[PDB]
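Worksheet: one structure, shown below.
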Amino acid sequence: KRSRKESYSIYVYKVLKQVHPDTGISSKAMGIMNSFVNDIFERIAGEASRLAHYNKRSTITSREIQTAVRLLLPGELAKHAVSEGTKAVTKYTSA
Amino acid sequence: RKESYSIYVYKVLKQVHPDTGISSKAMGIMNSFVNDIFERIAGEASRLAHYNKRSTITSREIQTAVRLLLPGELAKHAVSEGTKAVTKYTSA
Amino acid sequence: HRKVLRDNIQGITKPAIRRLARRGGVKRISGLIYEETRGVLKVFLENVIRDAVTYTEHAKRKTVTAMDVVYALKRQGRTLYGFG
Amino acid sequence: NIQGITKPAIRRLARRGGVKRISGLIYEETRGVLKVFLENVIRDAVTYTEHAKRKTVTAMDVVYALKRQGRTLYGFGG
Amino acid sequence: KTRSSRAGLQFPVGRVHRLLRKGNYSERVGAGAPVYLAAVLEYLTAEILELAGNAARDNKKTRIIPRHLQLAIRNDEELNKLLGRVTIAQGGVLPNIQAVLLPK
Amino acid sequence: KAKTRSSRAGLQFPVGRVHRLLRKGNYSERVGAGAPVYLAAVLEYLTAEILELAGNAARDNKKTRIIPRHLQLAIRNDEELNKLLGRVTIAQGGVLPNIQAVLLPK
Amino acid sequence: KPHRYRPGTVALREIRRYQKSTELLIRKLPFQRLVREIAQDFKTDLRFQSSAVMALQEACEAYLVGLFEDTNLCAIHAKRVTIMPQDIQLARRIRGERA
Amino acid sequence: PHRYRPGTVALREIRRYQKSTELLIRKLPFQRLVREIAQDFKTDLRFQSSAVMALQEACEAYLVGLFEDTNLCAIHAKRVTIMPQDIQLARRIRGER
DNA sequence: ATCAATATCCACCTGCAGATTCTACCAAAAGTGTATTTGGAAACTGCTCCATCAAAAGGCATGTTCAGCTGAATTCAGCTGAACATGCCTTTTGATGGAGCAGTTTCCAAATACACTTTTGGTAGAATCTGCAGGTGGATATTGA
DNA sequence: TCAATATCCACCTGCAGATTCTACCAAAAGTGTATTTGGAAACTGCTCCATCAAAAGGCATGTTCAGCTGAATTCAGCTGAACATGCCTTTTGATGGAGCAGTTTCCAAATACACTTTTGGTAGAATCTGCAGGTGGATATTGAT
Ligand SMILES: [Cl-]
Ligand SMILES: [Cl-]
Ligand SMILES: [Cl-]
Ligand SMILES: [Mn+2]
Ligand SMILES: [Mn+2]
Ligand SMILES: [Mn+2]
Ligand SMILES: [Mn+2]
Ligand SMILES: [Mn+2]
Ligand SMILES: [Mn+2]
Ligand SMILES: [Mn+2]
Ligand SMILES: [Mn+2]
Ligand SMILES: [Mn+2]
Ligand SMILES: [Mn+2]
Ligand SMILES: [Mn+2]
Ligand SMILES: [Mn+2]
């Protein structure tokens with residue numbers, strides 16, 4: 001009867017402490033942060049999916065995700081989003 | 001080769017207006033239409049099921065799906081037609 | 001056997017509305033606004049409650065979850081952060 | 001170049017819009033709006049293009065574009 | 001002996017099915033989802049085509065064109081509402097001129 | 001030792017989970033190894049951008065715990081994010097104070 | 001004196017007031033009934049996750065607060081400082097809520 | 001020498017153009033504009049003839065619609081002439097900016 | 001320009017919700033082979049695109065007048081806002097009873113997963129048509145006198 | 001109300017750009033067959049929804065009263081509408097001539113599956129702690145005179 005429920009809290013936090021070590025998020029606020037996290041994971045995952053479909057392509061690779069991110073995020077966030085994501089990838093693929 | 005609903009659109013046309021014909025460009029719009037709605041229902045259909053932690057889109061989904069997409073009265077027939085078209089299929 | 005619900009649309013008082021209007025940054029308010037607002041509200045509500053109750057009904061439940069409302073608000077195009 | 005879009009043409013659109021008298025400053029204003037409209041749609045299309053590693057913008061690209069702008073268009077790309 | 005005929009429909013039930021599968025909507029697809037969906041598509045299709053056919057007759061033409069589909073859509077509360085965010089290319093707008101603009 | 005893809009990727013966000021949410025999201029048959037890495041990366045980034053901004057709002061309020069109000073203030077004051085979350089509504093975030101000039105006294 | 005604030009001096013005071021806050025401006029209980037009253041007239045014998053009624057109220061006010069802004073704009077564009085029904089209508093009419 | 005009151009040919013043009021459905025912007029100029037705008041996004045691109053048509057349909061349809069809302073606004077301002085301030089508000093409420 | 005009548009502010013001030021650490025387990029996430037494919041290389045075509053005439057041809061660009069139309073004053077009820085007085089009816093903790101939402105197993109009707117056949121629906125040529133758009137003429141509508 | 005001027009509206013007429021036809025080869029779309037497994041039934045476990053029960057004020061409500069705002073005129077400029085006038089960029093119709101979208105082969109490089117082995121993330125239980133929610137005194141802001 002553990003009836004476990006996942007989340008992003010743990011991480012929203014880690015990152016919070018990363019930019020503003022001093023401050024801390026409340027709760028209703030953390031709640032909002034998840035909504036945000038999920039809302040974009042889908043906006044992106046979707047677009048990614050839709051994109052991949054139009055090309056008769058079978059799988060969603062980082063490429064997809066990127067173009068997605070590019071279609072979704074506006075101007076700046078888009079640029080910074082990419083570099084950040086590209087970078088993080090090659091590091092994962094650096095063995 | 002590129003599939004299309006042109007055929008079925010026509011077959012349906014010659015049923016309500018066996019007399020009326022249909023412009024090529026006009027036929028294009030009719031396809032756009034079918035795809036768009038197919039898409040819409042199918043979306044909410046999956047979306048919905050997903051919400052219920054279930055792994056299969058059944059007519060149940062499609063119907064509710066239609067009820068969320070189509071306008072109160074336009075949805076009825078859409079619904080009746082659906083149930084009907086099924087029982088008939090599923091019977092014989 | 002609880003009581004009959006009726007005309008509750010008046011719960012949305014005149015004061016309550018002008019407060020909303022202020023946050024909306026409105027200075028002067030015509031006497032009609034109020035009833036017009038009440039109507040606009042009912043319509044907004046109706047539509048979201050409808051769709052919501054549908055997600056409920058479809059899930060074979062008798063209780064409306066926050067999620068029901070959240071999904072409802074989202075397909076309507078009013079995505080809400082804070083509950084789902 | 002945006003100037004290619006002329007007064008008469010702009011005048012006609014408004015006319016189909018049901019507009020009777022038209023202030024002179026409108027034309028210039030209309031060009032801007034018009035230009036942004038395109039900037040946004042294309043910017044997106046060209047992206048669906050570039051993703052498909054093509055060098056040609058297909059009507060379908062434009063469609064999939066106008067579709068996420070919330071400008072769904074019936075008639076092209078099937 | 002095709003489900004489409006078995007279900008008594010003019011639309012491609014079999015196809016709708018394949019499309020539901022390819023489309024990536026769920027892992028498994030009920031056997032009635034196609035027939036059902038298929039029906040709904042056909043039905044809306046007729047509705048349009050009908051009004052569009054009419055649109056054309058009163059126009060004295062025997063062949064349905066885009067404008068016709070447009071005039072049929074925008075004149076129906078239901079449909080207009082449905083495809084309120086869709087543009088039928090080559091369908092122009094409905095003839096309507098604000099009162100305040102007419103001469104005295 | 002076992003390696004968290006996140007660590008191997010140099011991220012705080014769960015790569016292992018992002019990948020899983022993708023598979024079970026019916027977005028497509030298959031999923032590349034980089035998809036998650038890259039997705040989580042963007043998520044975490046954006047998350048940081050909001051928080052950095054949000055947190056400040058908090059400080060200017062003399063408050064040390066970020067609250068919805070702060071999230072709103074942060075989001076609505078940044079074109080980028082406000083554009084992004086234009087159709088999004090934050091519960092308990094109130095409105096950005098703004099009064100039409102025409103409304104102020106002579 | 002007695003001391004009365006010129007009509008509008010407070011109204012302004014009230015905008016700066018509420019735009020500074022974040023709580024709900026409609027009363028809880030009265031609102032909850034409208035939900036139950038409306039909900040009821042659709043599917044009978046329904047129940048309500050408390051937080052669901054909150055999602056709704058958060059949603060409604062946020063809607064009205066926003067609608068009102070557009071309205072205020074219409075009034076102003078009408079060389080009026082008073083919002084009237086015609087303002088709410090043109091706003092929605094343009095918003096595409098209904099034609 | 002026959003002349004019509006101001007606004008008469010105007011109402012006529014309305015009745016006329018609301019009836020017709022052909023595109024109202026010259027294709028060449030447009031196409032040129034498209035390619036130009038596009039060139040800032042990826043160099044040396046080719047356009048499907050039909051892709052440009054989509055764009056023009058979409059574009060014109062858009063403006064035609066925006067003008068409608070604009071009129072309502074202008075009329076709301078108790079005018080009969082549409083000014084910039086009108087297109088602006090219309091756009092603004094529309095949530096386009 | 002002064003100054004009395006109220007709003008704001010801006011620290012200062014502890015006792016609590018609520019947060020923010022503690023443990024403690026499972027449900028993922030990681031690991032290590034195997035088996036099944038993408039979907040990215042290279043040539044290789046055959047459609048659209050593009051770049052070039054050029055042919056007149058309808059549109060635009062352009063100044064003239066002027067009819068309205070718009071933006072400016074100037075009143076002038078009354079309809080909103082600001083203030084009070086008077087109560088109602090939301091709030092607000094405090095319990096419960098017990099309608100359901102969730103877990104947990106079974107087990108079967110209904111879905112894949114496979115070949116293995118038929119049938120149908122996209123081409124790439126034929127065989128007619130619905131209208132466009134050009135006539136005439138009849139009014140009809142728009143405008144001076 | 002005459003009176004032209006032009007603008008529509010009509011009932012043909014027919015040449016021409018597309019619609020039905022026509023005649024056929026492959027992917028789908030059916031058919032058994034052989035597993036497979038989703039999730040529709042019980043069956044509880046126990047969470048959280050619906051209901052009181054009283055008091056408290058915090059706020060509606062209804063009423064005065066009159067500031068000042070929304071409506072109603074009038075009135076000039078000033079600005080667009082309506083029109084010939086004259087070029088001049090579009091439009092069209094046809095070619096060639098490369099580009100490409102699109103196909104096949106081909107085939108490592110990736111991705112799916114399974115089999116168990118860890119260990120990180122999610123409850124609840126303790127262990128803090130930012131921050132209402134309250135109180136004064138500057139400080140400001142209004143508004144009468
Ligand atoms: Cl089914
Ligand atoms: Cl990848
Ligand atoms: Cl009104
Ligand atoms: Mn920092
Ligand atoms: Mn004059
Ligand atoms: Mn009372
Ligand atoms: Mn029970
Ligand atoms: Mn056949
Ligand atoms: Mn004709
Ligand atoms: Mn199972
Ligand atoms: Mn008076
Ligand atoms: Mn005034
Ligand atoms: Mn080549
Ligand atoms: Mn651990
Ligand atoms: Mn305080």
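Residues are named by chain letter and number: chains run A, B, ... in the order of the structure tokens, numbers start at 1 in each chain, and ligands are numbered from 1 in the order shown.
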
Distance-based interface of chain F with chain A, 7 Å, counting only C-alpha atoms, as a VMD selection string: chain F and resid 8 to 10 12 to 13 27 to 32 34 to 35 37 to 39 41 to 43 45 47 to 48 51 to 52 55 64 to 68 80 84

Please save C-alpha atoms of the selected residues as a compact mmCIF listing (two decimals), in the first residue's frame.
```txt
# COMPACT_ATOMS: atom_id res chain seq x y z
CA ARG F 8 27.58 10.35 -17.00
CA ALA F 9 25.73 13.27 -18.65
CA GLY F 10 26.61 15.77 -15.93
CA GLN F 12 20.88 16.85 -11.87
CA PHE F 13 17.73 15.91 -13.73
CA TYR F 27 5.64 9.28 -28.94
CA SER F 28 7.19 6.78 -31.36
CA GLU F 29 8.24 3.14 -31.56
CA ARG F 30 11.90 3.66 -30.72
CA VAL F 31 13.97 6.16 -28.73
CA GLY F 32 17.62 7.15 -29.20
CA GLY F 34 20.63 10.89 -26.69
CA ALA F 35 16.98 11.85 -26.72
CA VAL F 37 20.06 13.20 -22.28
CA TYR F 38 19.15 16.12 -24.50
CA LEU F 39 15.54 16.48 -23.25
CA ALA F 41 19.17 18.86 -20.35
CA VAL F 42 16.73 21.43 -21.70
CA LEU F 43 14.25 20.79 -18.90
CA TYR F 45 18.14 24.41 -18.01
CA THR F 47 14.10 25.08 -14.65
CA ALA F 48 17.28 26.92 -13.69
CA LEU F 51 14.37 29.64 -10.48
CA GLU F 52 17.25 32.11 -10.92
CA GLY F 55 14.50 33.54 -6.54
CA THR F 64 13.64 33.99 1.52
CA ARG F 65 11.20 31.27 0.42
CA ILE F 66 10.17 31.34 -3.22
CA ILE F 67 6.41 31.38 -3.56
CA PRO F 68 3.98 31.36 -6.52
CA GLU F 80 11.08 34.86 -23.42
CA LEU F 84 6.53 30.63 -23.65
```

So that each row is one residue of chain E with an atom at most 8 Å from chain J, can you give its shortest atom pair and the distance in Å to one decimal, using only C-alpha atoms (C1' of nucleotides), rows by chain and rising number, as a Markdown table?
```
| residue | atom | partner | partner_atom | distance |
| --- | --- | --- | --- | --- |
| E:1 | CA | J:30 | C1' | 7.9 |
| E:2 | CA | J:30 | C1' | 7.1 |
| E:14 | CA | J:29 | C1' | 6.4 |
```

Let me see the file: selected residues, C-alpha atoms, as an mmCIF file, in the first residue's frame.
```
data_model
loop_
_atom_site.group_PDB
_atom_site.id
_atom_site.type_symbol
_atom_site.label_atom_id
_atom_site.label_comp_id
_atom_site.auth_asym_id
_atom_site.auth_seq_id
_atom_site.Cartn_x
_atom_site.Cartn_y
_atom_site.Cartn_z
ATOM 1 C CA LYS E 1 -16.340 -9.256 -46.554
ATOM 2 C CA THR E 2 -14.391 -6.121 -45.608
ATOM 3 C CA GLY E 14 -9.401 -1.316 -42.277
#
```

Pick from I:122, I:135, I:40, I:144, whichever lies nearest to chain B using only C-alpha atoms (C1' of nucleotides):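 Looking only at the distances to chain B, the closest residue turns out to be I:122.
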
Test item: residues lying within 8 Å of ligand 7 with only C-alpha atoms (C1' of nucleotides) and all ligand atoms, as a PyMOL selection string: chain I and resi 98-100

Since we have the selection now, will you write its residues out, keeping C-alpha atoms (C1' of nucleotides), as a PDB file, in the first residue's frame?
```
ATOM      1  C1'  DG I  98     -19.069   5.715   5.353  1.00  0.00           C
ATOM      2  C1'  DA I  99     -19.410   6.726   0.141  1.00  0.00           C
ATOM      3  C1'  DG I 100     -16.111   5.628  -2.909  1.00  0.00           C
TER       4       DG I 100
END
```

Interface, chain F side, toward chain I (12 Å; only C-alpha atoms (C1' of nucleotides)) as a ChimeraX atom specification: /F:1-6,14-21,29-32,62,65-66

Selected residues written out with N, CA and C atoms, as a PDB file, in the first residue's frame:
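Result went into selection.pdb, see below:
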```pdb
ATOM      1  N   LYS F   1      31.196  -0.127  -9.915  1.00  0.00           N
ATOM      2  CA  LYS F   1      30.215   0.966  -9.660  1.00  0.00           C
ATOM      3  C   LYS F   1      29.251   1.176 -10.826  1.00  0.00           C
ATOM      4  N   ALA F   2      28.013   1.516 -10.485  1.00  0.00           N
ATOM      5  CA  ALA F   2      26.986   1.790 -11.476  1.00  0.00           C
ATOM      6  C   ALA F   2      27.034   3.288 -11.751  1.00  0.00           C
ATOM      7  N   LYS F   3      26.745   3.676 -12.985  1.00  0.00           N
ATOM      8  CA  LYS F   3      26.751   5.087 -13.346  1.00  0.00           C
ATOM      9  C   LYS F   3      25.351   5.568 -13.679  1.00  0.00           C
ATOM     10  N   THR F   4      24.984   6.710 -13.116  1.00  0.00           N
ATOM     11  CA  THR F   4      23.688   7.275 -13.405  1.00  0.00           C
ATOM     12  C   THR F   4      23.936   7.969 -14.718  1.00  0.00           C
ATOM     13  N   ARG F   5      23.055   7.731 -15.669  1.00  0.00           N
ATOM     14  CA  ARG F   5      23.194   8.356 -16.961  1.00  0.00           C
ATOM     15  C   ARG F   5      23.295   9.863 -16.739  1.00  0.00           C
ATOM     16  N   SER F   6      22.518  10.343 -15.775  1.00  0.00           N
ATOM     17  CA  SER F   6      22.513  11.754 -15.441  1.00  0.00           C
ATOM     18  C   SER F   6      23.941  12.169 -15.115  1.00  0.00           C
ATOM     19  N   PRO F  14      16.901  13.611 -13.827  1.00  0.00           N
ATOM     20  CA  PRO F  14      16.907  12.170 -14.086  1.00  0.00           C
ATOM     21  C   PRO F  14      16.840  11.781 -15.551  1.00  0.00           C
ATOM     22  N   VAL F  15      17.971  11.387 -16.127  1.00  0.00           N
ATOM     23  CA  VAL F  15      17.973  10.976 -17.524  1.00  0.00           C
ATOM     24  C   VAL F  15      17.246   9.648 -17.612  1.00  0.00           C
ATOM     25  N   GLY F  16      17.569   8.753 -16.682  1.00  0.00           N
ATOM     26  CA  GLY F  16      16.943   7.443 -16.658  1.00  0.00           C
ATOM     27  C   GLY F  16      15.429   7.501 -16.686  1.00  0.00           C
ATOM     28  N   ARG F  17      14.870   8.527 -16.057  1.00  0.00           N
ATOM     29  CA  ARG F  17      13.425   8.670 -16.028  1.00  0.00           C
ATOM     30  C   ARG F  17      12.905   9.308 -17.289  1.00  0.00           C
ATOM     31  N   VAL F  18      13.598  10.325 -17.779  1.00  0.00           N
ATOM     32  CA  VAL F  18      13.152  10.974 -18.998  1.00  0.00           C
ATOM     33  C   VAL F  18      13.012   9.906 -20.073  1.00  0.00           C
ATOM     34  N   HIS F  19      14.031   9.064 -20.212  1.00  0.00           N
ATOM     35  CA  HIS F  19      13.982   8.009 -21.209  1.00  0.00           C
ATOM     36  C   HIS F  19      12.713   7.189 -20.977  1.00  0.00           C
ATOM     37  N   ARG F  20      12.501   6.740 -19.747  1.00  0.00           N
ATOM     38  CA  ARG F  20      11.320   5.935 -19.462  1.00  0.00           C
ATOM     39  C   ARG F  20       9.999   6.614 -19.813  1.00  0.00           C
ATOM     40  N   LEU F  21       9.868   7.896 -19.480  1.00  0.00           N
ATOM     41  CA  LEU F  21       8.646   8.626 -19.779  1.00  0.00           C
ATOM     42  C   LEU F  21       8.446   8.714 -21.273  1.00  0.00           C
ATOM     43  N   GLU F  29       7.814   4.498 -31.876  1.00  0.00           N
ATOM     44  CA  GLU F  29       8.239   3.138 -31.562  1.00  0.00           C
ATOM     45  C   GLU F  29       9.521   3.125 -30.745  1.00  0.00           C
ATOM     46  N   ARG F  30      10.591   3.637 -31.353  1.00  0.00           N
ATOM     47  CA  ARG F  30      11.902   3.655 -30.717  1.00  0.00           C
ATOM     48  C   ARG F  30      12.346   5.010 -30.169  1.00  0.00           C
ATOM     49  N   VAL F  31      13.401   4.975 -29.359  1.00  0.00           N
ATOM     50  CA  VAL F  31      13.967   6.164 -28.731  1.00  0.00           C
ATOM     51  C   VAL F  31      15.505   6.099 -28.665  1.00  0.00           C
ATOM     52  N   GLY F  32      16.169   7.107 -29.227  1.00  0.00           N
ATOM     53  CA  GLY F  32      17.623   7.154 -29.201  1.00  0.00           C
ATOM     54  C   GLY F  32      18.166   7.291 -27.789  1.00  0.00           C
ATOM     55  N   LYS F  62      11.980  40.761   0.246  1.00  0.00           N
ATOM     56  CA  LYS F  62      12.551  40.569   1.565  1.00  0.00           C
ATOM     57  C   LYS F  62      12.259  39.161   2.056  1.00  0.00           C
ATOM     58  N   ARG F  65      11.787  32.471   1.015  1.00  0.00           N
ATOM     59  CA  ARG F  65      11.205  31.272   0.417  1.00  0.00           C
ATOM     60  C   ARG F  65      10.376  31.628  -0.808  1.00  0.00           C
ATOM     61  N   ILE F  66      10.819  31.110  -1.946  1.00  0.00           N
ATOM     62  CA  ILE F  66      10.170  31.335  -3.222  1.00  0.00           C
ATOM     63  C   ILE F  66       8.739  30.884  -3.130  1.00  0.00           C
TER      64      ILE F  66
END
```

Collect all residues with atoms no farther than 9 Å from ligand 9, counting only C-alpha atoms (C1' of nucleotides) and all ligand atoms, and output them as a short mmCIF file (atom, residue, chain, number, x, y, z; two decimals) with N, CA, C and O atoms (P, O5', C5', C4', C3', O3' and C1' of nucleotides), in the first residue's frame.
```cif
data_model
loop_
_atom_site.label_atom_id
_atom_site.label_comp_id
_atom_site.auth_asym_id
_atom_site.auth_seq_id
_atom_site.Cartn_x
_atom_site.Cartn_y
_atom_site.Cartn_z
P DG I 131 -21.00 23.61 -62.61
"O5'" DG I 131 -20.50 25.02 -63.10
"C5'" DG I 131 -20.09 25.14 -64.44
"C4'" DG I 131 -18.84 25.97 -64.55
"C3'" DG I 131 -19.08 27.47 -64.45
"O3'" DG I 131 -17.88 28.11 -64.02
"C1'" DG I 131 -18.60 26.84 -66.70
P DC I 132 -17.92 29.63 -63.51
"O5'" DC I 132 -16.72 30.31 -64.30
"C5'" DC I 132 -15.49 29.60 -64.49
"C4'" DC I 132 -14.74 30.14 -65.69
"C3'" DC I 132 -14.61 31.66 -65.71
"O3'" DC I 132 -13.40 32.03 -66.38
"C1'" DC I 132 -16.06 30.97 -67.48
P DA I 133 -12.98 33.58 -66.46
"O5'" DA I 133 -13.86 34.13 -67.67
"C5'" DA I 133 -13.41 34.04 -69.02
"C4'" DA I 133 -14.20 34.98 -69.90
"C3'" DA I 133 -14.44 36.31 -69.16
"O3'" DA I 133 -14.73 37.37 -70.09
"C1'" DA I 133 -16.47 35.23 -69.47
P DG I 134 -13.56 38.04 -70.96
"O5'" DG I 134 -14.00 37.69 -72.45
"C5'" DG I 134 -15.14 36.87 -72.67
"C4'" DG I 134 -15.91 37.33 -73.88
"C3'" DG I 134 -16.23 38.83 -73.88
"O3'" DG I 134 -16.38 39.28 -75.23
"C1'" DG I 134 -18.23 37.62 -73.50
#
```

Chain I contacts on chain E, only C-alpha atoms (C1' of nucleotides), 10 Å, as an MDAnalysis selection string: chainID E and resid 2 28:31 61:63

Atoms to include: C-alpha atoms. Write the selected residues as a CSV table (one decimal), in the first residue's frame.
```csv
chain,number,residue,atom,x,y,z
E,2,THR,CA,-14.4,-6.1,-45.6
E,28,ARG,CA,-3.0,-1.6,-28.5
E,29,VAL,CA,-6.1,-0.7,-30.6
E,30,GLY,CA,-9.5,-2.0,-29.8
E,31,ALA,CA,-11.3,-3.7,-32.7
E,61,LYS,CA,-23.7,25.3,-60.2
E,62,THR,CA,-23.7,21.5,-60.2
E,63,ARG,CA,-20.1,21.1,-59.1
```

Site check for ligand 13: residues at most 8 Å away, only C-alpha atoms (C1' of nucleotides) and all ligand atoms, as a ChimeraX atom specification: /J:98-100

Environment of ligand 1 within 7 Å, counting only C-alpha atoms (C1' of nucleotides) and all ligand atoms, reported as number ranges by chain: B: 58-60; E: 30-33

Output the selection as a CSV table (one decimal), in the first residue's frame - N, CA and C atoms for each residue.
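Everything below was put into out.csv:
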```
chain,number,residue,atom,x,y,z
B,58,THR,N,-10.0,2.0,-27.2
B,58,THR,CA,-11.2,1.3,-27.7
B,58,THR,C,-12.2,2.3,-28.2
B,59,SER,N,-13.3,1.7,-28.6
B,59,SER,CA,-14.4,2.6,-29.1
B,59,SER,C,-14.9,3.5,-27.9
B,60,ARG,N,-14.7,2.9,-26.7
B,60,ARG,CA,-15.1,3.7,-25.5
B,60,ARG,C,-14.4,5.1,-25.6
E,30,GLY,N,-8.3,-1.2,-29.9
E,30,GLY,CA,-9.5,-2.0,-29.8
E,30,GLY,C,-10.0,-2.2,-31.2
E,31,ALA,N,-10.8,-3.3,-31.4
E,31,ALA,CA,-11.3,-3.7,-32.7
E,31,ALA,C,-12.5,-2.8,-33.2
E,32,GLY,N,-13.1,-2.1,-32.2
E,32,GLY,CA,-14.2,-1.2,-32.6
E,32,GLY,C,-13.8,0.2,-32.8
E,33,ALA,N,-12.6,0.6,-32.3
E,33,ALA,CA,-12.2,2.0,-32.5
E,33,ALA,C,-12.2,2.4,-33.9
```

12 Å contact set for residue 25 (chain H), only C-alpha atoms (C1' of nucleotides), chain neighbours under 2 positions out, as a count of residues only: 35

12 Å contact set for region 103-105 of chain J, only C-alpha atoms (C1' of nucleotides), chain neighbours under 5 positions out, as a list in words: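 Everything that qualifies: residues 41, 42, 43, 44, 45 and 46 of chain I.
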
Filtered DSSP result for chain D, state strand (DSSP E), as a PyMOL selection string: chain D and resi 21-22+56-57+73-74

Filtered DSSP result for chain G, state alpha helix (DSSP H), as a VMD selection string: chain G and resid 9 to 18 28 to 40 50 to 77 85 to 95

Test item: chain G residues at most 8 Å from chain F, counting only C-alpha atoms, as a VMD selection string: chain G and resid 12 15 to 16 19 to 23 58 to 59 62 76 81

Counting only C-alpha atoms (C1' of nucleotides), chain J residues within 12 Å of chain B, as a PyMOL selection string: chain J and resi 17-20+26-28+37-39+102

Limited to N, CA and C atoms (P, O5', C5', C4', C3', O3' and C1' of nucleotides), could you put the picked residues into a file as a short mmCIF file (atom, residue, chain, number, x, y, z; two decimals), in the first residue's frame?
```cif
data_model
loop_
_atom_site.label_atom_id
_atom_site.label_comp_id
_atom_site.auth_asym_id
_atom_site.auth_seq_id
_atom_site.Cartn_x
_atom_site.Cartn_y
_atom_site.Cartn_z
P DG J 17 -7.37 24.92 -72.10
"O5'" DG J 17 -7.28 24.83 -70.52
"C5'" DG J 17 -7.75 25.93 -69.73
"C4'" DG J 17 -8.58 25.46 -68.56
"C3'" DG J 17 -7.80 24.50 -67.67
"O3'" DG J 17 -8.27 24.60 -66.32
"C1'" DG J 17 -9.55 23.31 -68.71
P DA J 18 -7.39 23.99 -65.14
"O5'" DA J 18 -7.01 22.54 -65.67
"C5'" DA J 18 -7.41 21.38 -64.96
"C4'" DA J 18 -8.89 21.43 -64.70
"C3'" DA J 18 -9.38 20.24 -63.89
"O3'" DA J 18 -10.50 20.63 -63.10
"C1'" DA J 18 -10.24 20.08 -66.10
P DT J 19 -11.02 19.66 -61.95
"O5'" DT J 19 -12.09 18.76 -62.70
"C5'" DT J 19 -12.54 17.57 -62.12
"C4'" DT J 19 -13.90 17.23 -62.67
"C3'" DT J 19 -14.32 15.83 -62.26
"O3'" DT J 19 -15.72 15.70 -62.12
"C1'" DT J 19 -13.86 15.86 -64.59
P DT J 20 -16.30 14.48 -61.27
"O5'" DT J 20 -15.41 13.27 -61.80
"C5'" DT J 20 -15.90 11.93 -61.85
"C4'" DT J 20 -16.74 11.74 -63.09
"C3'" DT J 20 -16.93 10.28 -63.47
"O3'" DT J 20 -18.21 10.11 -64.10
"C1'" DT J 20 -15.55 11.35 -65.10
P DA J 26 3.89 -4.76 -60.47
"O5'" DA J 26 3.22 -4.49 -59.05
"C5'" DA J 26 3.93 -4.72 -57.84
"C4'" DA J 26 3.49 -3.72 -56.79
"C3'" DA J 26 3.55 -4.24 -55.36
"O3'" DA J 26 3.62 -3.11 -54.49
"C1'" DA J 26 1.29 -4.00 -56.02
P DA J 27 4.88 -2.92 -53.51
"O5'" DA J 27 4.42 -1.76 -52.52
"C5'" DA J 27 3.91 -2.06 -51.23
"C4'" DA J 27 2.52 -1.48 -51.07
"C3'" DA J 27 1.99 -1.70 -49.65
"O3'" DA J 27 1.04 -0.68 -49.32
"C1'" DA J 27 0.72 -3.00 -51.15
P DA J 28 1.32 0.28 -48.06
"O5'" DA J 28 0.66 -0.48 -46.82
"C5'" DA J 28 0.00 -1.72 -47.02
"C4'" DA J 28 -1.44 -1.48 -47.43
"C3'" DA J 28 -2.45 -1.75 -46.33
"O3'" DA J 28 -3.63 -0.97 -46.54
"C1'" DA J 28 -2.61 -3.43 -48.01
P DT J 37 2.68 -11.65 -22.77
"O5'" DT J 37 1.46 -10.67 -22.45
"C5'" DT J 37 1.05 -9.70 -23.42
"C4'" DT J 37 -0.21 -9.00 -22.97
"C3'" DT J 37 -0.18 -8.72 -21.47
"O3'" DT J 37 -1.05 -7.63 -21.19
"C1'" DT J 37 -1.89 -10.22 -21.91
P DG J 38 -0.47 -6.23 -20.69
"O5'" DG J 38 -1.68 -5.25 -21.00
"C5'" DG J 38 -2.16 -5.09 -22.33
"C4'" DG J 38 -3.66 -4.92 -22.33
"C3'" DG J 38 -4.15 -3.96 -21.26
"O3'" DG J 38 -5.35 -3.31 -21.71
"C1'" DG J 38 -4.89 -6.16 -20.74
P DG J 39 -5.98 -2.12 -20.84
"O5'" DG J 39 -7.00 -2.88 -19.88
"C5'" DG J 39 -8.07 -3.66 -20.43
"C4'" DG J 39 -9.02 -4.12 -19.35
"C3'" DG J 39 -9.17 -3.07 -18.25
"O3'" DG J 39 -10.43 -3.24 -17.60
"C1'" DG J 39 -8.16 -4.95 -17.34
P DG J 102 9.67 14.07 -52.12
"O5'" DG J 102 9.94 12.74 -52.95
"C5'" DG J 102 11.26 12.45 -53.39
"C4'" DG J 102 11.29 11.16 -54.17
"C3'" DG J 102 11.00 9.93 -53.31
"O3'" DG J 102 10.56 8.90 -54.19
"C1'" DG J 102 13.26 9.93 -53.91
#
```
